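S.K.: Sharing work-v4.tsv below, TSV, C-alpha atoms and all ligand atoms:
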chain	number	residue	atom	x	y	z
A	1	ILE	CA	60.94	0.61	-49.34
A	2	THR	CA	61.31	3.69	-51.54
A	3	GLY	CA	58.27	5.84	-52.13
A	4	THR	CA	56.33	8.97	-51.27
A	5	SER	CA	55.72	9.94	-47.66
A	6	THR	CA	51.98	10.10	-47.05
A	7	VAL	CA	49.56	10.33	-44.13
A	8	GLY	CA	46.88	7.69	-43.66
A	9	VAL	CA	44.07	7.24	-41.17
A	10	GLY	CA	42.97	4.31	-39.07
A	11	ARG	CA	41.54	3.08	-35.81
A	12	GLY	CA	43.47	1.53	-32.97
A	13	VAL	CA	42.76	-1.38	-30.65
A	14	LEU	CA	40.46	0.69	-28.43
A	15	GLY	CA	38.50	2.10	-31.36
A	16	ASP	CA	40.10	5.55	-31.47
A	17	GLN	CA	40.87	7.20	-34.79
A	18	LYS	CA	44.37	8.50	-35.52
A	19	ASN	CA	46.59	9.61	-38.38
A	20	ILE	CA	49.68	7.55	-39.19
A	21	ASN	CA	52.68	8.17	-41.39
A	22	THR	CA	52.90	5.81	-44.34
A	23	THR	CA	54.94	5.37	-47.51
A	24	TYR	CA	53.33	4.98	-50.94
A	25	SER	CA	54.72	2.67	-53.61
A	26	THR	CA	51.79	0.88	-55.33
A	27	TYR	CA	50.63	-0.03	-51.84
A	28	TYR	CA	50.71	2.13	-48.75
A	29	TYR	CA	53.21	0.73	-46.26
A	30	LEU	CA	53.50	1.30	-42.50
A	31	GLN	CA	56.84	3.01	-42.93
A	32	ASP	CA	57.27	6.40	-41.23
A	33	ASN	CA	60.11	8.34	-42.84
A	34	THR	CA	59.71	11.38	-40.58
A	35	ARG	CA	61.45	9.99	-37.46
A	36	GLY	CA	65.13	9.08	-37.47
A	37	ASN	CA	66.04	6.23	-39.77
A	38	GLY	CA	62.37	5.29	-39.83
A	39	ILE	CA	59.61	3.47	-38.00
A	40	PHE	CA	58.58	0.19	-39.67
A	41	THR	CA	55.64	-2.04	-38.74
A	42	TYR	CA	55.31	-5.64	-39.88
A	43	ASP	CA	52.66	-8.35	-40.08
A	44	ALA	CA	53.83	-11.61	-38.49
A	45	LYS	CA	50.68	-13.40	-39.80
A	46	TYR	CA	50.21	-15.46	-36.60
A	47	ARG	CA	53.62	-17.11	-37.06
A	48	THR	CA	56.65	-16.77	-34.82
A	49	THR	CA	58.98	-15.93	-37.70
A	50	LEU	CA	60.29	-12.38	-37.45
A	51	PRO	CA	59.88	-9.72	-38.60
A	52	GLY	CA	57.30	-10.90	-41.14
A	53	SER	CA	56.12	-8.76	-44.04
A	54	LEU	CA	56.25	-4.97	-44.04
A	55	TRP	CA	52.64	-3.93	-43.54
A	56	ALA	CA	50.96	-3.19	-46.88
A	57	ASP	CA	47.54	-1.62	-47.37
A	58	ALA	CA	45.70	-0.89	-50.61
A	59	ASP	CA	43.99	2.41	-49.74
A	60	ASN	CA	45.83	4.14	-46.85
A	61	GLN	CA	42.83	3.52	-44.59
A	62	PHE	CA	43.29	1.20	-41.62
A	63	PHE	CA	39.82	0.55	-40.16
A	64	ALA	CA	39.70	-3.25	-40.30
A	65	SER	CA	39.91	-5.15	-37.03
A	66	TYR	CA	43.05	-6.92	-38.31
A	67	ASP	CA	44.67	-3.49	-38.82
A	68	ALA	CA	44.08	-2.20	-35.28
A	69	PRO	CA	47.21	-3.59	-33.53
A	70	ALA	CA	49.44	-2.40	-36.37
A	71	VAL	CA	47.99	1.12	-36.23
A	72	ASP	CA	48.77	1.41	-32.52
A	73	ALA	CA	52.21	-0.26	-32.67
A	74	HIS	CA	53.17	2.18	-35.42
A	75	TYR	CA	51.64	5.28	-33.83
A	76	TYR	CA	52.86	4.66	-30.27
A	77	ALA	CA	56.39	3.89	-31.47
A	78	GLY	CA	56.27	7.36	-33.01
A	79	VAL	CA	55.03	8.94	-29.76
A	80	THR	CA	57.79	7.19	-27.81
A	81	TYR	CA	60.37	8.44	-30.31
A	82	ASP	CA	59.00	11.99	-29.93
A	83	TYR	CA	59.09	11.80	-26.12
A	84	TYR	CA	62.74	10.78	-25.95
A	85	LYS	CA	63.75	13.33	-28.60
A	86	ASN	CA	61.75	16.33	-27.41
A	87	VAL	CA	62.07	15.79	-23.68
A	88	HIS	CA	65.53	14.20	-23.30
A	89	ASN	CA	67.26	15.06	-26.60
A	90	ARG	CA	67.77	11.34	-27.27
A	91	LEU	CA	67.54	10.14	-30.88
A	92	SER	CA	65.75	6.78	-30.82
A	93	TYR	CA	66.59	4.03	-28.35
A	94	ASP	CA	70.33	3.88	-29.15
A	95	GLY	CA	70.83	7.65	-29.32
A	96	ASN	CA	71.94	7.32	-32.97
A	97	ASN	CA	68.48	7.29	-34.62
A	98	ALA	CA	68.22	3.51	-35.03
A	99	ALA	CA	65.11	2.44	-36.93
A	100	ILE	CA	62.28	1.18	-34.72
A	101	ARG	CA	60.80	-2.07	-36.04
A	102	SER	CA	57.64	-3.72	-34.66
A	103	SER	CA	55.83	-6.95	-35.50
A	104	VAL	CA	52.16	-7.51	-34.66
A	105	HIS	CA	49.98	-10.65	-34.86
A	106	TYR	CA	52.86	-12.64	-33.39
A	107	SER	CA	51.79	-16.24	-32.75
A	108	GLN	CA	48.21	-17.04	-31.64
A	109	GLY	CA	46.54	-16.03	-28.38
A	110	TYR	CA	49.90	-14.73	-27.17
A	111	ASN	CA	49.59	-12.77	-23.90
A	112	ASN	CA	52.80	-10.81	-24.05
A	113	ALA	CA	54.85	-8.11	-25.74
A	114	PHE	CA	58.61	-7.75	-25.67
A	115	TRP	CA	61.71	-6.05	-26.97
A	116	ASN	CA	63.87	-8.86	-28.34
A	117	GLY	CA	67.14	-6.92	-28.67
A	118	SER	CA	66.45	-5.68	-32.20
A	119	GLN	CA	62.69	-5.08	-32.49
A	120	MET	CA	59.33	-4.92	-30.74
A	121	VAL	CA	57.05	-7.99	-30.79
A	122	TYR	CA	53.33	-7.87	-29.89
A	123	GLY	CA	50.94	-10.72	-29.26
A	124	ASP	CA	47.22	-10.29	-29.84
A	125	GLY	CA	46.33	-11.67	-26.42
A	126	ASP	CA	43.68	-14.31	-25.84
A	127	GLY	CA	40.78	-11.84	-25.63
A	128	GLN	CA	40.22	-12.57	-21.93
A	129	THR	CA	43.46	-11.77	-20.11
A	130	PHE	CA	44.63	-9.30	-22.77
A	131	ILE	CA	43.52	-7.63	-25.96
A	132	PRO	CA	46.31	-6.79	-28.45
A	133	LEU	CA	49.12	-5.40	-26.37
A	134	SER	CA	50.13	-2.56	-28.68
A	135	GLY	CA	46.89	-0.87	-27.61
A	136	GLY	CA	48.58	0.19	-24.36
A	137	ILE	CA	50.87	3.18	-24.77
A	138	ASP	CA	52.50	2.44	-21.40
A	139	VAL	CA	53.25	-1.12	-22.56
A	140	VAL	CA	54.81	0.11	-25.81
A	141	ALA	CA	56.94	2.69	-24.00
A	142	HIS	CA	57.83	0.29	-21.17
A	143	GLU	CA	59.27	-2.22	-23.65
A	144	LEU	CA	61.07	0.37	-25.77
A	145	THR	CA	62.63	1.75	-22.62
A	146	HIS	CA	64.24	-1.67	-22.06
A	147	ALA	CA	66.15	-0.91	-25.28
A	148	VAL	CA	67.26	2.45	-23.84
A	149	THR	CA	68.48	0.71	-20.69
A	150	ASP	CA	70.36	-1.92	-22.71
A	151	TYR	CA	72.21	0.80	-24.66
A	152	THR	CA	73.13	2.82	-21.55
A	153	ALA	CA	73.43	1.22	-18.10
A	154	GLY	CA	73.09	-2.42	-19.19
A	155	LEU	CA	71.17	-3.39	-16.03
A	156	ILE	CA	70.98	-7.18	-15.71
A	157	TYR	CA	67.49	-8.70	-15.60
A	158	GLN	CA	67.65	-10.44	-12.20
A	159	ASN	CA	67.45	-9.63	-8.48
A	160	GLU	CA	67.61	-5.94	-7.45
A	161	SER	CA	69.21	-4.75	-10.72
A	162	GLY	CA	66.41	-6.46	-12.62
A	163	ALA	CA	63.75	-4.81	-10.43
A	164	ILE	CA	65.38	-1.43	-11.15
A	165	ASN	CA	65.34	-2.33	-14.86
A	166	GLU	CA	61.60	-3.07	-14.67
A	167	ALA	CA	60.81	0.04	-12.62
A	168	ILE	CA	62.73	2.31	-15.03
A	169	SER	CA	60.54	0.92	-17.81
A	170	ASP	CA	57.36	1.50	-15.75
A	171	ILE	CA	58.42	5.04	-14.86
A	172	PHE	CA	59.07	6.10	-18.46
A	173	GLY	CA	56.12	4.10	-19.76
A	174	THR	CA	53.94	6.20	-17.47
A	175	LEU	CA	55.69	9.46	-18.36
A	176	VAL	CA	55.08	8.73	-22.06
A	177	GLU	CA	51.40	8.05	-21.27
A	178	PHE	CA	51.20	11.47	-19.60
A	179	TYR	CA	53.19	13.10	-22.42
A	180	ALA	CA	50.68	11.76	-24.98
A	181	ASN	CA	47.77	12.72	-22.71
A	182	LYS	CA	46.32	9.25	-23.38
A	183	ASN	CA	44.02	8.68	-20.37
A	184	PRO	CA	47.05	8.97	-18.06
A	185	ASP	CA	47.39	7.32	-14.67
A	186	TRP	CA	49.98	5.65	-12.43
A	187	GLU	CA	48.83	2.13	-13.33
A	188	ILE	CA	50.55	-0.20	-15.83
A	189	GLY	CA	48.70	-1.88	-18.69
A	190	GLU	CA	45.17	-0.84	-17.70
A	191	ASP	CA	44.08	-0.22	-21.31
A	192	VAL	CA	44.76	-3.77	-22.57
A	193	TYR	CA	44.41	-5.91	-19.44
A	194	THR	CA	41.22	-7.91	-18.64
A	195	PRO	CA	38.74	-6.31	-21.05
A	196	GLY	CA	35.90	-7.77	-19.02
A	197	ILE	CA	37.02	-6.03	-15.79
A	198	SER	CA	36.97	-2.29	-15.21
A	199	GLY	CA	39.47	-0.49	-13.00
A	200	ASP	CA	42.28	-3.06	-12.70
A	201	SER	CA	45.80	-3.22	-14.17
A	202	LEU	CA	48.97	-5.33	-14.08
A	203	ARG	CA	50.44	-3.29	-11.24
A	204	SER	CA	50.06	0.05	-9.53
A	205	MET	CA	52.83	2.60	-9.04
A	206	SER	CA	50.74	4.77	-6.69
A	207	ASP	CA	49.72	1.79	-4.50
A	208	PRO	CA	51.69	-1.37	-5.34
A	209	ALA	CA	50.18	-3.19	-2.34
A	210	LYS	CA	46.76	-3.00	-4.04
A	211	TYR	CA	47.93	-6.10	-5.94
A	212	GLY	CA	50.20	-7.58	-3.28
A	213	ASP	CA	53.43	-6.04	-4.54
A	214	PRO	CA	55.77	-4.57	-1.91
A	215	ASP	CA	55.84	-0.85	-1.18
A	216	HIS	CA	58.78	-0.92	1.25
A	217	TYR	CA	62.20	-2.54	1.20
A	218	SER	CA	61.35	-4.52	4.36
A	219	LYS	CA	58.64	-6.30	2.33
A	220	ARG	CA	60.83	-7.22	-0.64
A	221	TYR	CA	60.50	-10.64	-2.22
A	222	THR	CA	63.58	-12.81	-1.66
A	223	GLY	CA	62.67	-15.99	-3.57
A	224	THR	CA	63.67	-17.29	-6.98
A	225	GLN	CA	60.45	-16.88	-8.97
A	226	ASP	CA	60.31	-14.14	-11.61
A	227	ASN	CA	64.11	-13.95	-11.88
A	228	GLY	CA	64.23	-13.04	-8.21
A	229	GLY	CA	61.11	-10.86	-8.20
A	230	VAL	CA	61.92	-8.35	-10.96
A	231	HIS	CA	58.23	-7.53	-11.59
A	232	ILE	CA	57.42	-7.74	-7.87
A	233	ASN	CA	60.18	-5.73	-6.22
A	234	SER	CA	59.80	-3.03	-8.87
A	235	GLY	CA	56.89	-1.82	-6.68
A	236	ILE	CA	59.39	-0.45	-4.17
A	237	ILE	CA	61.03	1.83	-6.75
A	238	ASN	CA	57.73	2.61	-8.51
A	239	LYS	CA	56.29	3.88	-5.24
A	240	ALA	CA	59.36	6.05	-4.66
A	241	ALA	CA	58.99	7.52	-8.15
A	242	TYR	CA	55.30	8.24	-7.55
A	243	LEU	CA	56.19	10.00	-4.27
A	244	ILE	CA	58.91	12.12	-5.90
A	245	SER	CA	56.40	13.36	-8.49
A	246	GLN	CA	53.13	13.61	-6.57
A	247	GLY	CA	54.19	13.72	-2.91
A	248	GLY	CA	52.48	12.02	-0.02
A	249	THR	CA	53.05	10.46	3.37
A	250	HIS	CA	54.20	6.85	3.31
A	251	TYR	CA	55.08	4.77	6.38
A	252	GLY	CA	55.13	8.05	8.30
A	253	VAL	CA	57.58	9.87	6.01
A	254	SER	CA	56.30	13.00	4.27
A	255	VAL	CA	57.50	13.63	0.73
A	256	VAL	CA	57.14	16.97	-1.04
A	257	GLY	CA	56.25	16.28	-4.69
A	258	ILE	CA	58.20	18.01	-7.46
A	259	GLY	CA	56.16	16.94	-10.49
A	260	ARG	CA	56.50	14.65	-13.49
A	261	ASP	CA	58.98	16.62	-15.59
A	262	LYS	CA	61.62	16.71	-12.83
A	263	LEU	CA	61.03	13.03	-12.00
A	264	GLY	CA	61.84	12.18	-15.62
A	265	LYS	CA	64.93	14.40	-15.76
A	266	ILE	CA	66.36	12.93	-12.55
A	267	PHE	CA	65.84	9.29	-13.52
A	268	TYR	CA	66.98	9.78	-17.12
A	269	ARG	CA	70.23	11.30	-15.89
A	270	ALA	CA	70.66	8.54	-13.30
A	271	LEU	CA	70.13	5.87	-15.94
A	272	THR	CA	72.41	7.36	-18.60
A	273	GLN	CA	75.24	8.71	-16.41
A	274	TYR	CA	75.47	6.75	-13.16
A	275	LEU	CA	73.85	3.30	-13.20
A	276	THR	CA	75.90	0.20	-13.99
A	277	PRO	CA	74.90	-3.37	-14.84
A	278	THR	CA	74.73	-4.57	-11.22
A	279	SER	CA	73.43	-1.42	-9.48
A	280	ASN	CA	71.31	-2.27	-6.44
A	281	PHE	CA	68.56	-0.20	-4.78
A	282	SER	CA	71.04	1.65	-2.55
A	283	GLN	CA	73.13	2.62	-5.57
A	284	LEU	CA	70.00	3.79	-7.37
A	285	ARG	CA	69.31	6.13	-4.44
A	286	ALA	CA	72.84	7.51	-4.63
A	287	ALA	CA	72.54	7.92	-8.41
A	288	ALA	CA	69.20	9.73	-8.12
A	289	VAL	CA	70.50	12.02	-5.36
A	290	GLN	CA	73.60	12.84	-7.41
A	291	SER	CA	71.50	13.45	-10.54
A	292	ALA	CA	69.19	15.82	-8.67
A	293	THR	CA	72.28	17.55	-7.23
A	294	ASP	CA	73.74	17.96	-10.74
A	295	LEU	CA	70.52	19.49	-12.07
A	296	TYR	CA	69.14	21.56	-9.20
A	297	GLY	CA	71.87	21.95	-6.58
A	298	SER	CA	72.84	20.16	-3.39
A	299	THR	CA	70.55	22.25	-1.18
A	300	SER	CA	67.53	22.16	-3.51
A	301	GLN	CA	64.05	20.94	-2.66
A	302	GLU	CA	64.50	18.46	-5.50
A	303	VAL	CA	67.38	16.72	-3.71
A	304	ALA	CA	65.45	16.76	-0.43
A	305	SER	CA	62.41	15.16	-2.07
A	306	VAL	CA	64.49	12.37	-3.64
A	307	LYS	CA	65.98	11.61	-0.21
A	308	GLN	CA	62.54	11.70	1.45
A	309	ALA	CA	61.06	9.33	-1.13
A	310	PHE	CA	63.77	6.70	-0.73
A	311	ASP	CA	63.58	7.05	3.07
A	312	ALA	CA	59.83	6.43	2.83
A	313	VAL	CA	60.31	3.08	1.03
A	314	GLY	CA	63.19	2.06	3.33
A	315	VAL	CA	66.07	2.33	0.84
A	316	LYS	CA	69.16	3.86	2.43
B	1	LIG	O1	53.58	15.15	-17.99
B	1	LIG	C1	55.01	15.32	-18.18
B	1	LIG	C2	55.34	16.67	-18.70
B	1	LIG	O2	54.90	17.64	-17.74
B	1	LIG	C3	56.83	16.83	-18.91
B	1	LIG	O3	57.06	17.99	-19.59
B	1	LIG	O4	57.43	15.72	-19.71
B	1	LIG	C4	57.00	14.41	-19.22
B	1	LIG	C5	55.50	14.30	-19.12
B	1	LIG	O5	55.16	13.02	-18.60
B	2	LIG	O1	45.75	10.91	-6.08
B	2	LIG	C1	45.82	9.94	-7.15
B	2	LIG	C2	45.76	8.56	-6.60
B	2	LIG	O2	44.61	8.43	-5.74
B	2	LIG	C3	45.66	7.56	-7.74
B	2	LIG	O3	45.68	6.29	-7.23
B	2	LIG	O4	46.78	7.73	-8.71
B	2	LIG	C4	46.92	9.12	-9.15
B	2	LIG	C5	47.08	10.03	-7.94
B	2	LIG	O5	47.41	11.36	-8.38
B	3	LIG	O1	45.50	-6.15	1.26
B	3	LIG	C1	45.96	-6.65	-0.04
B	3	LIG	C2	45.08	-7.75	-0.51
B	3	LIG	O2	43.80	-7.20	-0.86
B	3	LIG	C3	45.66	-8.47	-1.72
B	3	LIG	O3	44.82	-9.49	-2.08
B	3	LIG	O4	47.00	-9.03	-1.41
B	3	LIG	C4	47.90	-7.95	-1.00
B	3	LIG	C5	47.36	-7.09	0.13
B	3	LIG	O5	48.18	-5.92	0.23
B	4	LIG	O1	66.61	-12.37	-3.39
B	4	LIG	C1	66.84	-10.99	-3.77
B	4	LIG	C2	66.96	-10.15	-2.55
B	4	LIG	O2	68.10	-10.60	-1.80
B	4	LIG	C3	67.13	-8.69	-2.91
B	4	LIG	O3	67.15	-7.90	-1.79
B	4	LIG	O4	66.03	-8.21	-3.78
B	4	LIG	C4	65.89	-9.05	-4.99
B	4	LIG	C5	65.73	-10.51	-4.63
B	4	LIG	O5	65.69	-11.30	-5.82
B	5	LIG	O1	58.26	1.76	8.10
B	5	LIG	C1	58.76	0.61	8.84
B	5	LIG	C2	60.01	1.04	9.49
B	5	LIG	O2	59.64	2.04	10.46
B	5	LIG	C3	60.70	-0.14	10.15
B	5	LIG	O3	61.87	0.29	10.71
B	5	LIG	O4	60.98	-1.23	9.17
B	5	LIG	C4	59.76	-1.69	8.50
B	5	LIG	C5	58.98	-0.52	7.90
B	5	LIG	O5	57.70	-1.00	7.47
B	6	CA	CA	42.90	-0.31	-46.01
B	7	CA	CA	48.98	3.44	-17.47
B	8	CA	CA	40.66	-4.60	-17.16
B	9	CL	CL	48.46	5.79	-1.84
B	10	CL	CL	50.70	3.15	0.39
B	11	CL	CL	50.80	8.97	-1.43
B	12	CL	CL	51.31	4.63	3.85
B	13	ZN	ZN	58.22	-6.94	-20.87
B	14	ZN	ZN	59.79	-4.95	-18.58
B	15	ZN	ZN	46.03	5.06	-18.70
B	16	ZN	ZN	52.57	-8.00	-8.80
B	17	ZN	ZN	57.71	-11.11	-14.14
B	18	ZN	ZN	58.37	-7.98	-18.06
B	19	ZN	ZN	51.73	4.67	1.65
B	20	ZN	ZN	50.71	6.62	-0.97
Using structure tokens, write down the structure that the file contains.
Ligand SMILES: O[C@@H]1[C@@H](O)[C@H](O)OC[C@H]1O
Ligand SMILES: O[C@@H]1[C@@H](O)[C@H](O)OC[C@H]1O
Ligand SMILES: O[C@@H]1[C@@H](O)[C@H](O)OC[C@H]1O
Ligand SMILES: O[C@@H]1[C@@H](O)[C@H](O)OC[C@H]1O
Ligand SMILES: O[C@@H]1[C@@H](O)[C@H](O)OC[C@H]1O
Ligand SMILES: [Ca+2]
Ligand SMILES: [Ca+2]
Ligand SMILES: [Ca+2]
Ligand SMILES: [Cl-]
Ligand SMILES: [Cl-]
Ligand SMILES: [Cl-]
Ligand SMILES: [Cl-]
Ligand SMILES: [Zn+2]
Ligand SMILES: [Zn+2]
Ligand SMILES: [Zn+2]
Ligand SMILES: [Zn+2]
Ligand SMILES: [Zn+2]
Ligand SMILES: [Zn+2]
Ligand SMILES: [Zn+2]
Ligand SMILES: [Zn+2]
M.R.:
Amino acid sequence: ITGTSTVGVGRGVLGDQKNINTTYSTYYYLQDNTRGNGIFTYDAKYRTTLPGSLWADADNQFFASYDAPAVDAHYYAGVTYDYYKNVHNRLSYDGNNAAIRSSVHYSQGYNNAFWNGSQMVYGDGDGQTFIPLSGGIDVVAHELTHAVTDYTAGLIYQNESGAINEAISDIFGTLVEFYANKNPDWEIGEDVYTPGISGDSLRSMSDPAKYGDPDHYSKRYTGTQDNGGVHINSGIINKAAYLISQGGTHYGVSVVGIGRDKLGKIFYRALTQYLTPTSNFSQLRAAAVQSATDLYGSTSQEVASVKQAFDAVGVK
């Protein structure tokens, strides 16, 4: 809609207060004109029709419980936009400043969030397994990174390529969580998963085996569930990414950590320059080694650490 750019205030899913960019035209709308072609947040009104109605508010204050998922969907889309622009010089998910659209209150008791090819969709959860999923910055950034992957490498969502696709989304989801300094960790979804249970998450990048996911190629899942294990076998790549950043000794292989910024630069370059739709784990290793070589030199510590990390998880 056309109107005046304003700044409102509200509270997110976890009760935290934050400022959000709105647009004023009789009502205040969740329309952020300051980022690319805009960030737009919609109310799906517990239906499955998309996108729903552009979110309208009478007073530019978003403190009602019904508002909370919209506040966070809107705000964390903005943070994700800022991460890709300021850190990687990428303008929105398509690199051409496409508008980011999100719908909240999708369906009823819906325990999921997804990028559907043109927009973000957030369930409210059932209040036991999940609370509204836009409350997790790593979830928001994980799903938006699927859009980045679709517009670059085109990794297919099954078998090893699909596990790489998932891991890429976990890696950048976590780097956005650190970038925002929002209670950062190497877990996925901890802020919105099982509100009754402290200290758990959907999966761990630092210790995938904590939840039974593999942390070595010899332990990879080879069945047909989960599109061939895309959310299971991602643990192998997630552990490698954790080792590249933080270092450690894993199955007897010592890895010298090089930090989060260089992890992001290496994987972003691998994704945008070298990966293809059917890349497997071995080709990811080659792409990461080449990317580190491009950026830091063939004899650099950065290249050595990438090699060490993939050796540690058994990917040659
Ligand atoms: O913490 C990281 C920061 O150091 C780097 O600059 O960009 C990515 C962030 O995750
Ligand atoms: O050392 C930390 C590890 O114990 C934790 O699991 O994830 C973050 C790491 O830096
Ligand atoms: O030891 C772990 C166990 O606690 C969990 O239940 O399943 C996976 C194992 O790695
Ligand atoms: O069955 C597949 C297996 O062969 C591969 O190594 O990793 C992904 C699985 O889906
Ligand atoms: O680290 C182990 C490696 O040494 C062996 O060769 O294959 C299985 C791995 O667990
Ligand atoms: Ca209001
Ligand atoms: Ca997290
Ligand atoms: Ca929990
Ligand atoms: Cl560990
Ligand atoms: Cl471990
Ligand atoms: Cl470790
Ligand atoms: Cl270990
Ligand atoms: Zn998803
Ligand atoms: Zn995913
Ligand atoms: Zn966290
Ligand atoms: Zn798992
Ligand atoms: Zn899955
Ligand atoms: Zn998924
Ligand atoms: Zn280990
Ligand atoms: Zn470890």
S.K.: May I have the residues within 12 Å of ligand ZN 18 (chain B), computed using all atoms listed in the file, as an MDAnalysis selection string?
M.R.: chainID A and resid 111:116 139:140 142:146 157:158 162:170 188:189 202:203 226:227 229:232 234
S.K.: Counting all atoms listed in the file, which of A:278, A:76, A:106, A:126 gets nearest to residue 182 in chain A?
M.R.: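 Smallest distance to residue 182 in chain A is found for A:76.
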S.K.: Return as a list in words every polymer residue, whether protein, DNA or RNA, with at least one atom no more than 8 Å from an atom of ligand CL 10 (chain B); count only C-alpha atoms and all ligand atoms.
M.R.: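 Every residue with an atom at most 8 Å from ligand CL 10 (chain B) is listed here: residues 206, 207, 208, 209, 215, 239, 250 and 251 of chain A.
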S.K.: Restricting the output to C-alpha atoms, write the selected residues as a PDB file, in the frame of the given file.
M.R.:
ATOM      1  CA  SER A 206      50.740   4.770  -6.690  1.00  0.00           C
ATOM      2  CA  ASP A 207      49.720   1.790  -4.500  1.00  0.00           C
ATOM      3  CA  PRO A 208      51.690  -1.370  -5.340  1.00  0.00           C
ATOM      4  CA  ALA A 209      50.180  -3.190  -2.340  1.00  0.00           C
ATOM      5  CA  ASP A 215      55.840  -0.850  -1.180  1.00  0.00           C
ATOM      6  CA  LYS A 239      56.290   3.880  -5.240  1.00  0.00           C
ATOM      7  CA  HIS A 250      54.200   6.850   3.310  1.00  0.00           C
ATOM      8  CA  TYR A 251      55.080   4.770   6.380  1.00  0.00           C
TER       9      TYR A 251
END
S.K.: For ligand LIG 3 (chain B), return the neighbouring residues as a ChimeraX atom specification (distance at most 7 Å; all atoms listed in the file).
M.R.: /A:209-213
S.K.: Quick one: residues within 9 Å of residue 43 in chain A, all atoms listed in the file, excluding same-chain residues fewer than 5 positions away - as a list in words?
M.R.: residues 51, 52, 53, 54, 55, 56, 70, 102, 103, 104, 105 and 106 of chain A
S.K.: Excluding range 296-309 of chain A and residues on its chain fewer than 3 positions from it, collect all residues at most 9 Å away from it, counting all atoms listed in the file, and give them as a PyMOL selection string.
M.R.: chain A and resi 239-245+247+250+253-258+262+285+288-293+312-316
S.K.: Compare A:153, A:176, A:286, A:64 by their minimum atom-to-atom distance to residue 271 in chain A, counting all atoms listed in the file, and give me the closest one.
M.R.: A:153
